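As structure tokens, the structure follows; a few thoughts come after it.
2 protein chains.
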Amino acid sequence: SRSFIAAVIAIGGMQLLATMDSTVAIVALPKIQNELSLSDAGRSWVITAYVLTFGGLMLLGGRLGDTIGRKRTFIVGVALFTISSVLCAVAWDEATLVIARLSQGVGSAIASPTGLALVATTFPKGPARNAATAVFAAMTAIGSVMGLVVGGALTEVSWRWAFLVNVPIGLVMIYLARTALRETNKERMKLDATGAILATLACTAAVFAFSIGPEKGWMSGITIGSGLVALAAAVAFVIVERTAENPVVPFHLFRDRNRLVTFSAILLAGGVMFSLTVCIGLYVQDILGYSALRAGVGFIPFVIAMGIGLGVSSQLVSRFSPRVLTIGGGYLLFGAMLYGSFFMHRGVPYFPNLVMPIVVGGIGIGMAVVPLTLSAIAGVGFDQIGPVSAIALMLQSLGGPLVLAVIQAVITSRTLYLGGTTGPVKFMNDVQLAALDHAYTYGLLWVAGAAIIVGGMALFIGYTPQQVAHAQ
Amino acid sequence: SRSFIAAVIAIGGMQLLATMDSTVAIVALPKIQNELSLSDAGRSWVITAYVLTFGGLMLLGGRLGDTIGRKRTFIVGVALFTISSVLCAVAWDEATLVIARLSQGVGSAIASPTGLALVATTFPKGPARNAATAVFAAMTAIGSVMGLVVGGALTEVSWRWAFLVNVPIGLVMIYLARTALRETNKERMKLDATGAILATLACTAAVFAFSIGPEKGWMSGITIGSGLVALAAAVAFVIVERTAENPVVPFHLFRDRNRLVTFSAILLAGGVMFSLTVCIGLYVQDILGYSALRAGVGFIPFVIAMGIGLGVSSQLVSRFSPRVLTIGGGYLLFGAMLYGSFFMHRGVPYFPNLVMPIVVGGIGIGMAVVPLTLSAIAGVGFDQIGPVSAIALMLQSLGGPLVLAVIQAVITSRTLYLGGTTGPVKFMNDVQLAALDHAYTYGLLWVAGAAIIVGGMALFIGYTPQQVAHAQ
Ligand SMILES: CC/C=C/C/C=C\C/C=C\CCCCCCCC(=O)OC[C@H](COP(=O)(O)O)OC(=O)CCCCCCCCCCCCCCCCCC
Ligand SMILES: CC/C=C/C/C=C\C/C=C\CCCCCCCC(=O)OC[C@H](COP(=O)(O)O)OC(=O)CCCCCCCCCCCCCCCCCC
Ligand SMILES: CCCCCCCCCCCCC(=O)O[C@@H](COC(=O)CCCCCCCCCCC)COP(=O)(O)O
Numbered sequence: 048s049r050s051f052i053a054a055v056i057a058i059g060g061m062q063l064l065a066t067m068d069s070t071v072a073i074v075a076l077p078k079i080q081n082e083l084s085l086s087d088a089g090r091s092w093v094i095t096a097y098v099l100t101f102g103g104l105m106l107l108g109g110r111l112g113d114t115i116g117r118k119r120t121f122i123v124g125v126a127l128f129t130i131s132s133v134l135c136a137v138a139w140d141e142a143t144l145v146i147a148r149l150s151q152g153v154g155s156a157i158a159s160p161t162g163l164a165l166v167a168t169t170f171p172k173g174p175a176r177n178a179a180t181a182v183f184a185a186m187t188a189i190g191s192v193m194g195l196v197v198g199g200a201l202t203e204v205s206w207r208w209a210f211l212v213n214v215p216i217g218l219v220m221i222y223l224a225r226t227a228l229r230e231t232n233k234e235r236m237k238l239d240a241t242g243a244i245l246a247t248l249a250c251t252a253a254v255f256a257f258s259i260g261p262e263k264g265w266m267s268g269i270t271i272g273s274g275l276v277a278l279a280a281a282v283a284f285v286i287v288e289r290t291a292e293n294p295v296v297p298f299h300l301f302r303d304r305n306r307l308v309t310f311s312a313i314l315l316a317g318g319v320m321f322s323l324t325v326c327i328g329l330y331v332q333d334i335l336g337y338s339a340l341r342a343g344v345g346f347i348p349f350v351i352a353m354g355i356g357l358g359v360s361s362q363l364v365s366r367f368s369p370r371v372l373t374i375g376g377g378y379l380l381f382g383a384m385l386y387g388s389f390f391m392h393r394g395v396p397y398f399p400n401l402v403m404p405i406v407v408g409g410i411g412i413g414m415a416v417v418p419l420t421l422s423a424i425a426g427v428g429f430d431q432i433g434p435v436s437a438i439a440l441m442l443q444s445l446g447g448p449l450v451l452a453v454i455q456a457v458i459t460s461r462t463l464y465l466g467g468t469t470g471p472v473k474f475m476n477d478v479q480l481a482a483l484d485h486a487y488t489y490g491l492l493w494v495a496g497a498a499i500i501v502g503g504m505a506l507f508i509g510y511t512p513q514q515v516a517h518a519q
Numbered sequence: 048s049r050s051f052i053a054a055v056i057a058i059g060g061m062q063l064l065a066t067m068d069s070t071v072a073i074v075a076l077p078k079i080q081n082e083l084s085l086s087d088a089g090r091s092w093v094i095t096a097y098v099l100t101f102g103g104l105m106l107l108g109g110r111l112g113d114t115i116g117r118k119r120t121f122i123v124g125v126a127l128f129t130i131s132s133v134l135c136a137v138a139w140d141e142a143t144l145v146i147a148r149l150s151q152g153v154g155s156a157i158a159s160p161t162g163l164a165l166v167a168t169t170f171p172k173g174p175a176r177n178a179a180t181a182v183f184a185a186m187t188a189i190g191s192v193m194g195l196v197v198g199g200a201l202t203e204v205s206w207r208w209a210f211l212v213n214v215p216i217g218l219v220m221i222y223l224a225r226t227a228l229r230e231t232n233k234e235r236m237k238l239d240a241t242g243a244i245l246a247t248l249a250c251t252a253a254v255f256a257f258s259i260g261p262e263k264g265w266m267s268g269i270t271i272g273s274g275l276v277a278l279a280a281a282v283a284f285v286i287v288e289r290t291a292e293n294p295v296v297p298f299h300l301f302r303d304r305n306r307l308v309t310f311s312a313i314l315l316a317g318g319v320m321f322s323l324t325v326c327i328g329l330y331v332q333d334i335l336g337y338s339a340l341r342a343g344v345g346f347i348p349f350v351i352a353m354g355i356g357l358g359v360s361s362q363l364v365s366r367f368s369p370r371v372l373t374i375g376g377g378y379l380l381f382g383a384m385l386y387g388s389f390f391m392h393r394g395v396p397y398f399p400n401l402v403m404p405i406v407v408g409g410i411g412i413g414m415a416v417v418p419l420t421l422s423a424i425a426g427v428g429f430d431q432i433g434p435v436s437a438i439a440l441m442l443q444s445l446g447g448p449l450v451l452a453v454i455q456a457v458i459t460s461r462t463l464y465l466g467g468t469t470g471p472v473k474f475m476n477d478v479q480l481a482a483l484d485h486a487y488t489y490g491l492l493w494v495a496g497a498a499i500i501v502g503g504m505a506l507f508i509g510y511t512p513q514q515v516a517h518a519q
């Protein structure tokens, strides 16, 4: 019973590490700017450096496990992330911080796609995989709330003390990764060098272009060149991949209708979840006036509700089709979002009108996450599990900003319509703050509509329970 | 004052009597079989005799009130129902019981469609009609539950005493109708004899064919002949109605999108409700093992929740359109149905697992019923309210068995699939009982899908609160 727990914790540790690091880096940005004397461009680049190498090197990270070994790749990625976090905590100027963030991104990109593949390969299909997927999904929310709590608590001493928290935890994971997991010593494949190079070039160019667009204006020299590089690399990669042994991206797997619908649903659902997280955090900290520590403490009921939902769904997936459970979770999520949209404003008490929608939405999200994760890794085999996991994780991470940009644009337009201001929150009055609150409650409706679209899309899955959650 | 209460009670009395008698007759079939020495055909015909003349003479009864008088027709129908209920108890052989059931069905068909017309033509549009509609919808469920209770607690001595409880209630409702309702003094109309005869023949032939089909077969000469006669009579009726002085069925009134969509929604909603009632009852006395009295006592919270929902909706219909209220009530009902499907099996305790879905579904049904039946009698006038009410009642009564057949076929198919058997429940062992449990909780999902379709189609009503629930 201890071996199973050690294995699942070791496999899911990297999700916790990455999410907590991202949340802490978001929280402690102004202190970094003040102490290190960075401009707005440097402040944005502190966050951009991580995502550049995180999104650039994810397909290569997915394919690398078949060449080196999934256990070894996982351990190497975790170790690189820990050492790079130490370098972040020790950094003394802007260049060193940027280099350390790039190294953190490289380590995360190496280690993250291997975790889902390890979930799929270590545990055979059945109850064990259901429990493993439930734990894998719970660790992400645990990391998010832990990051908020730590960032709020350590806002008085220094930002350098917040980067060191990754040093212990990561070490622990390494130990578990060296103890619970076993190596099957399978025959090693041959890496696809040209495909990996083209994929990394295309992904890095796309990420850089998307990040530099709003900052320096679109079609302003750098953006057009980066976009040209991205499209040329993508077209060359697509052409080359048609005749490559051990493809980085196996396209023939995407002919099945179920896989296409499932991956589209994964993309859009990840976008919806990211939009909810960011918008609700901003609303709580800005309008309601809660500090970071107060919000981190108040978000624990979300973790408990999500754990309950995951526990229920991991047992229900053995009898009900994934589409039914997805609709069941979406029902509660939609109800919670509507209640939050229509009964929220400044001065509202915490308990009656805040914790209830959070708990109901957490239960719904927990009930809906497990069937999607089980459908994402169904019927792939041991030769394409790596690329499939990498593609699924990449789609989930990519879907977020695209929806968040639309939601923020809608919120800004509604703020300007009602008579608001585009300045800082703490330079506003009562009427402008009321306009901002109404804009936020208006954008919640667009998030709900996106969730409705997600449910309508997931209504076409067609996977039977015997295919995803039953042992042969 | 007390006049309003007496009037609404007198108008809903016929619905209460019909539903209570139906439930009591269904409960006490085995005792009738044992005492009268009947075969399976006699058992089927005891139920079929009432339905034959109830569905045969609905359309004629909807127009009979114009040429004689609504109060007089109501009183005559209730009196005939009471007399036939008296004669049912004192029956010695099969023939007397069959003719008593036929006469009772004739009285019910005369009196039932006149109640809705009296609701429409007694209280002017506004709050009074909303309250009358709420009482009219509540008395149906009240009668059903009390009939279940009475049949459970009375059929342990004699089945003849079960048919005699109708008499005091019929007498008190006759007294209330005589002393509360008032004459109209409207000019008498002319009865369309040809159309009435053709409609009666068509409906009777259709009901007889649908009843005899499953017992004999789909290739029997009698069934094919009955269906052919029904189709020919329907065609002749449609041809005759083109140039009728006072048509039994006005076909021109249905040239509106609102009315057509409303009537389709009424049909499918009646089907969904009937399927829910029958399936829930069969599950309770079959799987959970409750007696008739226990189920009747346990279904009281449904009546209370439905009353609360009706009271809320009769007040809310003056501000919100019928579409919004229907969608909200259906949302609550769908949530209750999904909760029941997911977490229900033999051995669950009553308190945490039964009352909550029942209460939520009752609130949803009560909130959804009032706008639907308020929209069915909107903008017709005095000279066309009778046939419209008759058509609404007929569509509700017709929608039930259609959906119930599909649900029962699905349940039987999955019972056979999971290793169950077809036979009396008293003989099956644990495996086949679990197969029945899973089959019922699986058919609940099909009921929920039917509700989803009902809501999607009801999204196209288009009525406004001023045309439905606003006076003047
Ligand atoms: C998602 C689809 C992928 C499916 C997976 C598919 C394939 C495999 C691939 C990855 C598998 C591994 C990850 C699987 C879990 C990913 C989701 C996850 O667990 O995510 C957790 C996020 C971090 O992830 P992120 O959201 O950043 O993606 O953290 C939080 O939830 C912090 C706390 C938020 C607190 C507010 C939450 C309110 C919820 C209720 C709404 C209430 C609304 C009204 C309230 C008032 C409003 C006033 C305006
Ligand atoms: C319907 C649309 C027309 C609208 C009106 C249209 C036109 C006008 C014309 C008539 C207007 C006047 C009548 C209007 C109300 C007619 C419906 C009515 O009130 O009906 C009541 C029935 C009697 O009437 P009947 O339905 O027989 O016609 O009585 C019961 O419902 C007893 C209670 C049983 C239980 C059910 C409720 C479960 C709720 C929970 C569900 C989930 C539970 C899961 C548990 C586990 C399950 C495992 C399998
Ligand atoms: C008398 C009887 C009257 C009856 C009247 C009935 C009237 C109609 C009643 C309401 C009908 C039931 C209902 O609300 O169904 C929707 C419920 O799911 C949704 O909202 C979808 C939500 C999807 C969310 C997907 C993502 C979730 C997780 C995201 C993070 C991972 C689904 O609808 P659809 O999308 O069209 O399939």
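Residue numbers (the UniProt record's numbering), protein chains in the order written: chain H, 48 to 519; chain X, 48 to 519. Positions of the beta carbon are idealized from the N, C-alpha and C atoms, including for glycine.
- Counting only Cβ-Cβ distances below 8 Å, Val371/H has contacts in chain X at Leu492, in chain order.
- Under the 8 Å criterion on CB atoms, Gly382/X is classed as interfacial with respect to chain H.
- Taking 7 Å as the cut-off, one finds no heavy atom of ligand 3 near enough to the beta carbon of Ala181/X.
- Among the residues facing chain H, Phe389/X is included, as its CB has a counterpart in that chain under 8 Å away.
- Per DSSP, reduced to three states, the secondary structure at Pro297/X is coil, with no helix or strand assignment.
- In this chain, the alpha helix (DSSP H) harbouring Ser131/X covers 117-136.
- One alpha carbon belongs to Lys172/X, the other to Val515/X, and they sit about 8 Å apart.
- When secondary structure is reduced to three states using DSSP, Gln519/X falls in the coil class, being assigned neither helix nor strand.
- Looking at the backbone, the Cα of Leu228/X and that of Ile58/X are separated by about 9 Å.
- If you check the CB distance, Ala452/H and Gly467/H do not come in under 8 Å.
- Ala256/X is positioned such that its CB atom lies closer than 8 Å to that of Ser273/X.
- Proximity of chain H to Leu385/X at the Cβ level (cut-off 7 Å) is accounted for by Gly375, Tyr378, in chain order.
- Counting only Cβ-Cβ distances below 7 Å, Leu363/H has contacts in chain X at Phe389, in chain order.
- Using a cutoff of 7 Å, the CB of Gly376/H counts as near ligand 3, since one of the ligand's heavy atoms is closer than that.
- Apart from the 5 residues on each side of it in sequence, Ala246/X sits with its Cβ closer than 6 Å to the Cβ of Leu106, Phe284, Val295 in its chain, given in chain order.
- Relative to ligand 2, the nearest heavy atom lies less than 7 Å away from the CB of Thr420/X.
- Taken through DSSP and simplified to helix, strand or coil, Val212/H comes out as coil.
- Going by DSSP, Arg370/X is part of the alpha helix (DSSP H) stretching over 369-389.
- Here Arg289/X is exposed: its Cβ has fewer than 16 other Cβ atoms, across all protein chains shown, within 10 Å.
- If you look at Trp493/X, you'll find it in the alpha helix (DSSP H) that goes 477-505.
- Using a Cβ distance threshold of 8 Å, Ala339/H and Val71/H do not count as a contacting pair.
- Linking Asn305/X to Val325/X through their CA atoms gives a straight-line distance of about 30 Å.
- Distances between the C-beta of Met353/X and the heavy atoms of ligand 3 are all 7 Å or more.
- Counting only the Cα atoms, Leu76/X lies some 7 Å from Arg90/X.
- In this structure, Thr95/X lies away from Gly194/X, with their beta-carbon atoms at least 8 Å apart.
- Cβ atoms of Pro160/H and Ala425/H stay farther apart than 8 Å, at about 17 Å.
- Here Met61/H is buried, its C-beta having at least 16 other C-beta atoms within 10 Å.
- Short of 6 Å from the beta carbon of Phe507/H, and not among the five residues preceding or following it, lie these beta carbons of its own chain, in chain order: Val308.
- Short note on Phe128/H: C-beta not closer than 7 Å to any heavy atom of ligand 3.
- Less than 8 Å divides the Cβ of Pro297/H from the Cβ of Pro434/H.
- Annotation for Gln62/X: the continuous alpha helix (DSSP H) segment containing it runs 49-74.
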